[PDB]
Every structure is written in structure tokens, then in C-alpha cells.
Amino acid sequence: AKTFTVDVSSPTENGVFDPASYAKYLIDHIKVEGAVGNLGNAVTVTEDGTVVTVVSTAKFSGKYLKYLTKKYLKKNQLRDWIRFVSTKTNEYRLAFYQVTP
Amino acid sequence: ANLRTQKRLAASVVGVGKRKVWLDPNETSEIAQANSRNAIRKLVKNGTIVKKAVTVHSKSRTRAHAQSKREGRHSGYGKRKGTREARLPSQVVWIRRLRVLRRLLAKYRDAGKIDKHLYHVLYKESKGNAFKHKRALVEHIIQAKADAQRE
Amino acid sequence: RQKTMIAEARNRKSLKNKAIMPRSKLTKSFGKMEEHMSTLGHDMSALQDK
Amino acid sequence: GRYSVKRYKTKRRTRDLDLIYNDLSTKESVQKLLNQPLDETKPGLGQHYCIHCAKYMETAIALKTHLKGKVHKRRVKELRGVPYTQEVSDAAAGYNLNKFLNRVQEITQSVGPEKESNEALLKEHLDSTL
Amino acid sequence: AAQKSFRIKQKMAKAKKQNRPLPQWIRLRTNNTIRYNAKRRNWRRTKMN
Amino acid sequence: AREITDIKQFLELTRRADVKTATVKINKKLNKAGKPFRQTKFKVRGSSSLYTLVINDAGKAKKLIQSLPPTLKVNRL
RNA sequence: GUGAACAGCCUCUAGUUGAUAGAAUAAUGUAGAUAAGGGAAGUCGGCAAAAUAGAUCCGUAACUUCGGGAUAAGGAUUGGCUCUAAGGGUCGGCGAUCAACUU
RNA sequence: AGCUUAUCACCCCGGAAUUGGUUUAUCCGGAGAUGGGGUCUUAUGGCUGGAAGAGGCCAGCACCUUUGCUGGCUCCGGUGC
RNA sequence: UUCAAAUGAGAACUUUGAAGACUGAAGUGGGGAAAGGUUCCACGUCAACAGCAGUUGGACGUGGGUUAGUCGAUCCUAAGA
Ligand SMILES: [Zn+2]
């Protein structure tokens, strides 16, 4: 298997983000062998409130995860302020840009 | 002011052309103070001078057209504009074919499916034509062996 | 509003020439994101502290 | 511009599909044009004349390659239905409706399958001789 | 060029050391007739062979 | 630049009386594809050449460090 | 990338955005383009322009120093999409597996 | 820099017509082929040393600096008129 | 070709940024030979020159800059002197 781990503390604390909607987006928009609706025993998306987590036996990659997360942020109008980054291998997190006063 | 030297030096430092490098117009005095590559590096890291990532050249269309060509499209007489030879030399075709026929006969002789004398006559017949491909050569071999055991 | 978004991005992009700047390196104001997130329906009491 | 001007001149005007319909309609018309005595001026010296595409070829093999082509199929797929006369043009505007409808049912009943059978005889005749 | 001989380079060095205007403390001299350098040279105007 | 396999010749080089400097390099490597392990490179600076010894096992490596002579200067990392 | 192609057309890297400017849109010019019907009546003279043009197939006369003439001439076609067939290599005492554009 | 690696060429055995081997291109063989084993040039490639410590790509952290320092990754392949 | 800002007494022509285009790897690119000789780079800087302009310049004034046992000459001989 393969595990991937997103952290959502930064935006969620300041009140722009809800991890449950992000996981609700991921769990349906993730594709396996074609289109939506094939996550049978292969993939498991689960949140804690501060950390979202994905576990996949099927084809899944950090670039795919970043692609989905950026799509969600563009949906909720957050692409121009937040970026999905890697802090460690398969350990990613959302982070604001360098906005200063 | 005049940041020509600074643009040149920033290009030479970052390892790109001047067409890429970017000077924020607000930090003009801070850039004009710089007359050294160390200072330009400081301005590169602090965020006053950046790199301007590459102008793209996508190949989605080219890959799609190539896939359609693999599937056998865009090949008709209205798309052909050079001769059949210029597109594919008959010399190349004959080379492939004759190498194939030589290799097959060598393998058969080494395995023991055929003797050296029949190999020798087939070598020169395949050097000539009357063996158009692997199938015809195999069928001729089968006919030969069958009439031989019939005799 | 979808048409307005398309029209805005048409001016914003200009992509066949010069490869839009990355946001990693740029810096934006505060007040801009205030207006943006107020329009989105969030409140900035957690950001004002900061 | 030049292409339309220099192709579709009234000098270089061709033969108005209505008439090709009226010609492929009946037996005697198609047999006459298949026979077509030796004329010194015509391209193929008479013979080798396609009726759908009202055209004289040089030879039998040039007829073959014409028939195995989309220029022929363009015309045969254009000539299946009714021929669009002024009757149609005015029945559309509300003028001599009953004449148009009589012509339509006449083609649907009588003249249609007549011409279809004539075309089929033409096709197997040409395919057998060629 | 760029693979000069020392003769050519020596002549070039003389030309460089000559390529100047006239000093200002010569204007201020008793009975000074000289007001400019009439043997002045520039790479684009005149060639020195 | 030269590699060595034997240990006796590395000791001879350390005692060659024209060597002043050595250095130990540590690398993290994967074996075959499989497991992390600690490779060690003992380099000694001759006058003409740089001789080097590759030791995969750290236990033998540190005993080599012990058996090195004391006057020779060494550089870690 | 198209295409036989270092052709022509567009683009990536790198470089440049230099050549006195602004407002109107008369004639005559310079550089191009289109024109009904007729088609060389023009003119010293078909000058110039037009037309033809690539690739596949059929077919190709006199004459000939037999080597050519010859792309002679003259004719049928060319898009897109979905398919069929054929054209190969490596291993196993016919199969498993892999792969390209040519018709 | 060390080890290894090749077409041509050469050596030992053996003695060839039912003539055989063989190049895209037809030349070679009792002046000793095919076959079996072996030798050589090491252009050229492979591994290692050089050499990751370099360089490249990212993430940071001081923010008072006209040089401020840490952490991660840098892998495995495929194809051709 | 255009827009804003900066500089400046003054900006169609300078600098930065934002756009639009061009050369289109047989280049408006990156390097060299002959020739030129400091034209390279920086700091000041506009009287004359850049067929308009000019705060700009290959201009004007003042300085800085070209590091070789391994690149070349040097050596060899060629036609020849
Ligand atoms: Zn027809």
C-alpha cells in the first residue's frame, strides 16, 4: 500500500477552510481505472480535523493529490492565497502565501 | 535611474537571459544601490528579483495527431507529397526482408529442421526473389521436406 | 458571473507570450484578502491578530 | 473571386441534375446513351459515357476508376431523391401545392423505382462488361 | 587580431597614453599659445596604421 | 586517483612517510535496492595520487580508524 | 510541428522591438489584387499577366548516335471518421511476450 | 586511473563435391573452408575510483546585518530507416 | 507599436513593470580568423555628433581591466625566398 498525509491546520484555524468538505470532494473526484465510483477496498480518505489522510493500494500519486487539492481550492476561490506543498515525502500541507501588511 | 547593469548581472547570475529576469519597480533605489553580484544574489533570495518560469510549448496536439497516425489516419494521397521511395526506400525494405530470411534459415539449419544443402539452395533463392516473406519461405520448406520424405 | 470570470481571466492570462509569474515569490497586501474573504463569507478576526 | 468565376461560367456550365433524372428515368434514354454512335469530336469517341456524372471518359479503365470514386458517389447520393423543380420552389411559398404533391406521389409510386431499377441494370451492366 | 605582436602592442600603448585632452594648468601660463590638442586621435575618425 | 582492496597496503600508505592528510567520508546507500547501510570511504593524500578504500561494514571501518597512526591528520565529513 | 526536405508557415531557448513623428485619405505615381460578356480584334512583336504545378494509378508518338526523347502528350483521383488484411523481434519442445510506420 | 569489453586479422585440432560458408552489395576455401577451442589491437562502451563533499530542485528558519546558518530529494527505465 | 510609474527644467525616443509583435536554430542567437585598437566595464556627464529629439550613446571627462609548464606563437618543413 501507499500512504499520503495532508495537513490543514493553518487555513482551518483562521477560518477559511473545512477539512470535511475537502475530503467530501476527494472521495468522489478520485478516479480508479476510469471514472468516479470505483473506490472498492482500494482507497480510504479519512480526516481528523487537523490532518487529512489517504491510503491507496491502487495507482495514486502526490501530483494527483496536489492536482485535486488545487482544483478544490479553485472551486472555493482559494488558489490565489493558499498553496499545497510537501514538507516531507508523502507528507504535504496547505500554507498561505507571503502576504505582509 | 538606470538598472541596465543590474538586469544584465541578474541574468548572468541566475543563469537565464535578460528577457526572463524581473525587477520589482517599487524597490528601485534598493536595486540601483547594487553594483555587485553578491548584492544581486541577496536581492534574488529576498524576493526583489525572480526568475520568470518558462514560456510553454505544449505537445498535446502533436501527441494526439501522432496517435491518430498510429491508428492509421492522415495518410491518403492528399496528404502524401513525396514519392514512395523518399517516404520509405525499397532498398531499406529489401534489406529488412533479406536479413529476416537469412536469419530464419540460419536458425533452422542450426536447430536441425533442415540440412545444409537445402539451406544452400534456399539461400540463393532468397537472395533472388520467389520468397516474399517468412510465410512463403516456411511453406516452401514444408513442401520440400514433405516431398523428400514422400520420395 | 461565469461569463464575468471568463472575461476577467482573458485579460489576466496572456499566456502565449510570457509565462504568468509564480505566486511563491510575489507578495500581496492585507486588505485585499480582507475584501476577498469577506466577499466569500469568512471573518477576519483570526487574521487581524496576526 | 477567381475560383468561382472561372469554374462556374455559363460557358463551362454543366447539365442540371433535373435532366439527368429525366434521362435515367426510362429504358430507351439509358440505352441510347450507352450505345452513342462513334462521334469524332467527343472525348472517348462516343463510348465510355457516365450518365450520373454527365461525362465522357476516354476508356473503359478510366470509367472503372471514375466509378470507384467519391465524385461518382456524390452524384448518385444527390440523385436519389426528388429533383427540386420550380414546383417545389413555389409549393414552399404556397403556390400550386396540388401539382407539387401529385408530382411527389407520382415519383414515390411510379418514377422512383423505375429509375432505381434502371440504375441497378446500368451498374451490373457496367460491372460485367468492365 | 587578438594575437598581436609586441611591436603593435607597444605602438597601441603609446597611442593610449597620448589619447588625452590638454591639462588645465597649461592654460594659466605666461605666454601660452596652446589652447587644444591638434594631434588628438580617435579610433573611428582616423586610423593610425 | 586510485582504489584499494587490501588493508595491508592502506596501512603501508598511512606509514609511507610522504602522507600528511587523510579524510573519512560517510555515505548512506541502498543495497541491491533494499536496505539502508553506511558506506565509508577512507582517502589518503599521496603526493602524486589520491588513494581510497571503500568499507561497507562500519564495525571494520571503526577498527580501521583505531589502527590508523596518530600523527596523521584526518578530516571527518 | 506540417512536409520528401537545413524549402516556405507557426512556435521553444537566446535576442530585439532599431529605421523622424502626428492628422487626413484629392489627383498623378510605386508595390499588389479583382472584374460581366467576348478572348489577341491589342501591339513591330501575346511584352506583361493569367493559366499549369505536389503525390498515386493508367497511358505515352515521330525521331534516335539505341543510351534517350519522356514528367512527352493525354486522362481518373486526393478531406475526415470507423474498420479489415499483410508486412517483424525475444523466449519456450505452434504458443507466451514485446514494438515501429509503410502499403 | 584500475578491471573488463570488438569487427578485421592470426594460432592449434581436423582434412572438405551430394561442393559448402557468406555480404544489403559475391566473394572466400587443399597456398587448408565450414566446425570446435584460443590469441590480439581496447578507438568505443560497462563498473568502480575521481564524486557528491560538487552542481541542480524544493522546504525553511535570523530579519538588525553590505554576505547568517540548517533539513529533504537528486531514483528506475523504454524506443527508432 | 501602446499603457502607467520613476528620473528630470523638459520624455514619441532613457529605466522598470504591464501588454502586443518580430528574428524563428541556412537566426535579428552563442563564439572565432583577417582588420580595428580600448571602442570592453564603472563613475560623472550634454557645448559639438547620433540628417527629428535626447535626461541616452561605440560621444565628452576621469579611472579600472587582459594572470598559462598543459591554449597558441616559438620548433618542422611545403610551394618558394
Ligand atoms: Zn459519374
# chains A, B, ... in the order shown; residues from 1 in each chain; ligands from 1
call {"tool": "residues_around", "arguments": {"residues": "residue F:64", "least_positions_apart": "5", "cutoff": "10 Å", "atoms": "only C-alpha atoms (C1' of nucleotides)", "output": "list in words"}}
result
residues 7, 10, 11, 42, 55, 58, 59 and 69 of chain F
call {"tool": "residues_near_ligand", "arguments": {"ligand": "ligand 1", "cutoff": "7 Å", "atoms": "only C-alpha atoms (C1' of nucleotides) and all ligand atoms", "output": "ChimeraX atom specification"}}
result
/D:50-55,66-67,71-72,75
call {"tool": "atom_distance", "arguments": {"atom1": "atom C1' of residue G:103", "atom2": "atom CA of residue B:85"}}
result
11.9 Å
call {"tool": "atom_distance", "arguments": {"atom1": "atom CA of residue D:48", "atom2": "atom CA of residue D:60"}}
result
6.1 Å
call {"tool": "interface_residues", "arguments": {"of": "chain H", "to": "chain F", "cutoff": "7 Å", "atoms": "only C-alpha atoms (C1' of nucleotides)", "output": "number ranges by chain"}}
result
H: 1, 49-50
call {"tool": "write_last_selection", "arguments": {"atoms": "C-alpha atoms (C1' of nucleotides)", "output": "PDB file, in the first residue's frame"}}
result
ATOM      1  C1'   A H   1      43.356   5.897 -13.369  1.00  0.00           C
ATOM      2  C1'   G H  49      37.834   5.421  -8.044  1.00  0.00           C
ATOM      3  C1'   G H  50      37.639  10.867  -9.243  1.00  0.00           C
TER       4        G H  50
END
call {"tool": "residues_around", "arguments": {"residues": "residue G:37", "least_positions_apart": "6", "cutoff": "12 Å", "atoms": "only C-alpha atoms (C1' of nucleotides)", "output": "number ranges by chain"}}
result
D: 9-11
call {"tool": "write_last_selection", "arguments": {"atoms": "C-alpha atoms", "output": "mmCIF file, in the first residue's frame"}}
result
data_model
loop_
_atom_site.group_PDB
_atom_site.id
_atom_site.type_symbol
_atom_site.label_atom_id
_atom_site.label_comp_id
_atom_site.auth_asym_id
_atom_site.auth_seq_id
_atom_site.Cartn_x
_atom_site.Cartn_y
_atom_site.Cartn_z
ATOM 1 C CA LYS D 9 -19.045 30.400 -66.061
ATOM 2 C CA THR D 10 -22.063 29.922 -68.292
ATOM 3 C CA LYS D 11 -19.549 28.792 -70.924
#
call {"tool": "residues_around", "arguments": {"residues": "stretch 5-22 of chain B", "least_positions_apart": "3", "cutoff": "6 Å", "atoms": "only C-alpha atoms (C1' of nucleotides)", "output": "MDAnalysis selection string"}}
result
chainID B and resid 49:52
call {"tool": "write_last_selection", "arguments": {"atoms": "N, CA, C and O atoms", "output": "PDB file, in the first residue's frame"}}
result
ATOM      1  N   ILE B  49      14.209  40.109  -6.935  1.00  0.00           N
ATOM      2  CA  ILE B  49      14.468  39.657  -8.297  1.00  0.00           C
ATOM      3  C   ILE B  49      14.117  38.179  -8.390  1.00  0.00           C
ATOM      4  O   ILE B  49      14.579  37.368  -7.578  1.00  0.00           O
ATOM      5  N   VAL B  50      13.297  37.824  -9.384  1.00  0.00           N
ATOM      6  CA  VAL B  50      12.790  36.467  -9.557  1.00  0.00           C
ATOM      7  C   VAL B  50      13.078  36.009 -10.983  1.00  0.00           C
ATOM      8  O   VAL B  50      13.687  36.723 -11.779  1.00  0.00           O
ATOM      9  N   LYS B  51      12.605  34.799 -11.303  1.00  0.00           N
ATOM     10  CA  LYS B  51      13.185  34.033 -12.403  1.00  0.00           C
ATOM     11  C   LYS B  51      12.276  33.953 -13.628  1.00  0.00           C
ATOM     12  O   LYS B  51      12.770  33.725 -14.737  1.00  0.00           O
ATOM     13  N   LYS B  52      10.960  34.140 -13.468  1.00  0.00           N
ATOM     14  CA  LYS B  52      10.045  34.127 -14.612  1.00  0.00           C
ATOM     15  C   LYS B  52      10.077  32.804 -15.373  1.00  0.00           C
ATOM     16  O   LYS B  52      10.769  32.690 -16.390  1.00  0.00           O
TER      17      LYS B  52
END
call {"tool": "residues_around", "arguments": {"residues": "stretch 14-18 of chain H", "least_positions_apart": "2", "cutoff": "10 Å", "atoms": "only C-alpha atoms (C1' of nucleotides)", "output": "list in words"}}
result
residues 117 of chain B; 20, 29, 30, 32, 33, 34, 35 and 36 of chain H
call {"tool": "select_by_dssp", "arguments": {"residues": "chain D", "states": "helix (DSSP H, G or I)", "output": "PyMOL selection string"}}
result
chain D and resi 2-7+17-24+27-35+60-67+70-78+86-91+97-129
call {"tool": "closest_atom_pairs", "arguments": {"of": "chain G", "to": "chain D", "cutoff": "8 Å", "atoms": "only C-alpha atoms (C1' of nucleotides)", "output": "tab-separated table"}}
result
residue	atom	partner	partner_atom	distance
G:34	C1'	D:1	CA	6.9
G:58	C1'	D:61	CA	7.5
G:75	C1'	D:58	CA	6.9
G:76	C1'	D:62	CA	5.5
G:77	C1'	D:69	CA	7.5
call {"tool": "closest_residue", "arguments": {"among": "B:143, B:62, B:67, B:91", "to": "chain G", "atoms": "only C-alpha atoms (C1' of nucleotides)"}}
result
B:62
call {"tool": "interface_residues", "arguments": {"of": "chain A", "to": "chain C", "cutoff": "7 Å", "atoms": "only C-alpha atoms", "output": "ChimeraX atom specification"}}
result
/A:14-16,97-101
call {"tool": "write_last_selection", "arguments": {"atoms": "C-alpha atoms", "output": "PDB file, in the first residue's frame"}}
result
ATOM      1  CA  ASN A  14      -8.110  31.241  10.606  1.00  0.00           C
ATOM      2  CA  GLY A  15     -11.499  30.060   9.374  1.00  0.00           C
ATOM      3  CA  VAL A  16     -11.285  29.817   5.572  1.00  0.00           C
ATOM      4  CA  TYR A  97       1.354  32.891   0.689  1.00  0.00           C
ATOM      5  CA  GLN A  98       3.757  35.581   1.929  1.00  0.00           C
ATOM      6  CA  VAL A  99       1.097  38.294   2.436  1.00  0.00           C
ATOM      7  CA  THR A 100       2.548  41.070   4.608  1.00  0.00           C
ATOM      8  CA  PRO A 101       0.948  44.346   5.750  1.00  0.00           C
TER       9      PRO A 101
END
call {"tool": "atom_distance", "arguments": {"atom1": "atom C1' of residue H:23", "atom2": "atom CA of residue B:86"}}
result
25.1 Å
call {"tool": "decode", "arguments": {"residues": "stretch 61-75 of chain G", "atoms": "N, CA, C and O atoms (P, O5', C5', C4', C3', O3' and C1' of nucleotides)", "output": "PDB file, in the first residue's frame"}}
result
ATOM      1  P     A G  61       4.553   5.651 -77.537  1.00  0.00           P
ATOM      2  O5'   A G  61       4.696   6.113 -79.048  1.00  0.00           O
ATOM      3  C5'   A G  61       3.575   6.082 -79.916  1.00  0.00           C
ATOM      4  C4'   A G  61       3.629   7.186 -80.938  1.00  0.00           C
ATOM      5  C3'   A G  61       4.961   7.384 -81.641  1.00  0.00           C
ATOM      6  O3'   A G  61       5.189   6.451 -82.683  1.00  0.00           O
ATOM      7  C1'   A G  61       4.156   9.470 -80.920  1.00  0.00           C
ATOM      8  P     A G  62       6.683   5.972 -83.032  1.00  0.00           P
ATOM      9  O5'   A G  62       7.260   7.159 -83.918  1.00  0.00           O
ATOM     10  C5'   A G  62       6.693   7.437 -85.187  1.00  0.00           C
ATOM     11  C4'   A G  62       7.033   8.824 -85.666  1.00  0.00           C
ATOM     12  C3'   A G  62       8.485   9.063 -86.044  1.00  0.00           C
ATOM     13  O3'   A G  62       8.803   8.594 -87.342  1.00  0.00           O
ATOM     14  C1'   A G  62       7.727  10.833 -84.682  1.00  0.00           C
ATOM     15  P     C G  63      10.014   7.561 -87.555  1.00  0.00           P
ATOM     16  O5'   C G  63      11.290   8.354 -87.029  1.00  0.00           O
ATOM     17  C5'   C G  63      11.670   9.583 -87.625  1.00  0.00           C
ATOM     18  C4'   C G  63      12.596  10.375 -86.737  1.00  0.00           C
ATOM     19  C3'   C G  63      13.877   9.677 -86.316  1.00  0.00           C
ATOM     20  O3'   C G  63      14.890   9.713 -87.305  1.00  0.00           O
ATOM     21  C1'   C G  63      12.867  10.641 -84.423  1.00  0.00           C
ATOM     22  P     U G  64      15.868   8.453 -87.497  1.00  0.00           P
ATOM     23  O5'   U G  64      16.647   8.359 -86.112  1.00  0.00           O
ATOM     24  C5'   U G  64      17.467   9.430 -85.671  1.00  0.00           C
ATOM     25  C4'   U G  64      17.928   9.239 -84.248  1.00  0.00           C
ATOM     26  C3'   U G  64      18.793   8.020 -83.981  1.00  0.00           C
ATOM     27  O3'   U G  64      20.152   8.229 -84.329  1.00  0.00           O
ATOM     28  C1'   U G  64      17.131   8.212 -82.302  1.00  0.00           C
ATOM     29  P     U G  65      20.877   7.357 -85.468  1.00  0.00           P
ATOM     30  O5'   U G  65      22.250   6.926 -84.789  1.00  0.00           O
ATOM     31  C5'   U G  65      22.260   5.970 -83.736  1.00  0.00           C
ATOM     32  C4'   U G  65      23.518   6.049 -82.907  1.00  0.00           C
ATOM     33  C3'   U G  65      23.306   6.116 -81.397  1.00  0.00           C
ATOM     34  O3'   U G  65      24.365   5.434 -80.727  1.00  0.00           O
ATOM     35  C1'   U G  65      24.438   8.060 -82.122  1.00  0.00           C
ATOM     36  P     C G  66      24.325   3.835 -80.551  1.00  0.00           P
ATOM     37  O5'   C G  66      22.921   3.542 -79.859  1.00  0.00           O
ATOM     38  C5'   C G  66      22.845   3.337 -78.454  1.00  0.00           C
ATOM     39  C4'   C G  66      21.477   2.889 -77.993  1.00  0.00           C
ATOM     40  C3'   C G  66      21.211   1.383 -78.053  1.00  0.00           C
ATOM     41  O3'   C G  66      20.423   0.990 -76.929  1.00  0.00           O
ATOM     42  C1'   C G  66      19.566   2.518 -79.288  1.00  0.00           C
ATOM     43  P     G G  67      21.042   0.098 -75.742  1.00  0.00           P
ATOM     44  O5'   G G  67      21.377   1.153 -74.602  1.00  0.00           O
ATOM     45  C5'   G G  67      20.404   2.088 -74.165  1.00  0.00           C
ATOM     46  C4'   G G  67      21.056   3.314 -73.581  1.00  0.00           C
ATOM     47  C3'   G G  67      20.126   4.438 -73.157  1.00  0.00           C
ATOM     48  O3'   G G  67      19.550   4.226 -71.881  1.00  0.00           O
ATOM     49  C1'   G G  67      21.995   5.310 -74.350  1.00  0.00           C
ATOM     50  P     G G  68      18.201   4.996 -71.463  1.00  0.00           P
ATOM     51  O5'   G G  68      18.576   6.536 -71.609  1.00  0.00           O
ATOM     52  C5'   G G  68      17.576   7.544 -71.549  1.00  0.00           C
ATOM     53  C4'   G G  68      17.770   8.568 -72.636  1.00  0.00           C
ATOM     54  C3'   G G  68      16.641   9.569 -72.838  1.00  0.00           C
ATOM     55  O3'   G G  68      16.703  10.662 -71.938  1.00  0.00           O
ATOM     56  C1'   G G  68      17.291   8.678 -74.926  1.00  0.00           C
ATOM     57  P     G G  69      15.391  11.534 -71.621  1.00  0.00           P
ATOM     58  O5'   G G  69      14.754  11.825 -73.051  1.00  0.00           O
ATOM     59  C5'   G G  69      15.213  12.899 -73.857  1.00  0.00           C
ATOM     60  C4'   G G  69      14.367  13.068 -75.093  1.00  0.00           C
ATOM     61  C3'   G G  69      12.899  13.382 -74.854  1.00  0.00           C
ATOM     62  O3'   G G  69      12.660  14.753 -74.601  1.00  0.00           O
ATOM     63  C1'   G G  69      13.076  11.632 -76.424  1.00  0.00           C
ATOM     64  P     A G  70      11.183  15.255 -74.225  1.00  0.00           P
ATOM     65  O5'   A G  70      10.710  14.245 -73.089  1.00  0.00           O
ATOM     66  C5'   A G  70      10.659  14.657 -71.729  1.00  0.00           C
ATOM     67  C4'   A G  70      10.353  13.511 -70.800  1.00  0.00           C
ATOM     68  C3'   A G  70      11.512  12.555 -70.537  1.00  0.00           C
ATOM     69  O3'   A G  70      11.437  12.060 -69.199  1.00  0.00           O
ATOM     70  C1'   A G  70       9.730  11.373 -71.541  1.00  0.00           C
ATOM     71  P     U G  71      11.904  12.980 -67.966  1.00  0.00           P
ATOM     72  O5'   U G  71      10.557  13.258 -67.161  1.00  0.00           O
ATOM     73  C5'   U G  71       9.931  12.218 -66.421  1.00  0.00           C
ATOM     74  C4'   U G  71       8.436  12.401 -66.329  1.00  0.00           C
ATOM     75  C3'   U G  71       7.732  12.736 -67.645  1.00  0.00           C
ATOM     76  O3'   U G  71       6.480  12.058 -67.714  1.00  0.00           O
ATOM     77  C1'   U G  71       7.246  14.395 -66.044  1.00  0.00           C
ATOM     78  P     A G  72       6.320  10.763 -68.652  1.00  0.00           P
ATOM     79  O5'   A G  72       6.455  11.345 -70.126  1.00  0.00           O
ATOM     80  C5'   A G  72       5.485  12.247 -70.630  1.00  0.00           C
ATOM     81  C4'   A G  72       6.093  13.262 -71.562  1.00  0.00           C
ATOM     82  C3'   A G  72       5.167  14.384 -71.999  1.00  0.00           C
ATOM     83  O3'   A G  72       5.061  15.417 -71.035  1.00  0.00           O
ATOM     84  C1'   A G  72       6.290  13.509 -73.885  1.00  0.00           C
ATOM     85  P     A G  73       3.667  15.674 -70.277  1.00  0.00           P
ATOM     86  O5'   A G  73       2.599  15.723 -71.454  1.00  0.00           O
ATOM     87  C5'   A G  73       2.751  16.652 -72.513  1.00  0.00           C
ATOM     88  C4'   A G  73       2.019  16.214 -73.754  1.00  0.00           C
ATOM     89  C3'   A G  73       0.511  16.090 -73.633  1.00  0.00           C
ATOM     90  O3'   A G  73      -0.153  17.338 -73.717  1.00  0.00           O
ATOM     91  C1'   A G  73       1.375  14.197 -74.751  1.00  0.00           C
ATOM     92  P     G G  74      -1.161  17.792 -72.552  1.00  0.00           P
ATOM     93  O5'   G G  74      -2.303  16.687 -72.592  1.00  0.00           O
ATOM     94  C5'   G G  74      -2.989  16.406 -73.801  1.00  0.00           C
ATOM     95  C4'   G G  74      -3.744  15.105 -73.717  1.00  0.00           C
ATOM     96  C3'   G G  74      -4.703  14.980 -72.549  1.00  0.00           C
ATOM     97  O3'   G G  74      -5.939  15.616 -72.812  1.00  0.00           O
ATOM     98  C1'   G G  74      -3.415  12.997 -72.753  1.00  0.00           C
ATOM     99  P     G G  75      -6.954  15.941 -71.617  1.00  0.00           P
ATOM    100  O5'   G G  75      -7.391  14.502 -71.105  1.00  0.00           O
ATOM    101  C5'   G G  75      -7.854  14.323 -69.782  1.00  0.00           C
ATOM    102  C4'   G G  75      -8.068  12.868 -69.463  1.00  0.00           C
ATOM    103  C3'   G G  75      -8.457  12.570 -68.027  1.00  0.00           C
ATOM    104  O3'   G G  75      -9.837  12.771 -67.782  1.00  0.00           O
ATOM    105  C1'   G G  75      -6.721  11.115 -68.686  1.00  0.00           C
TER     106        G G  75
END
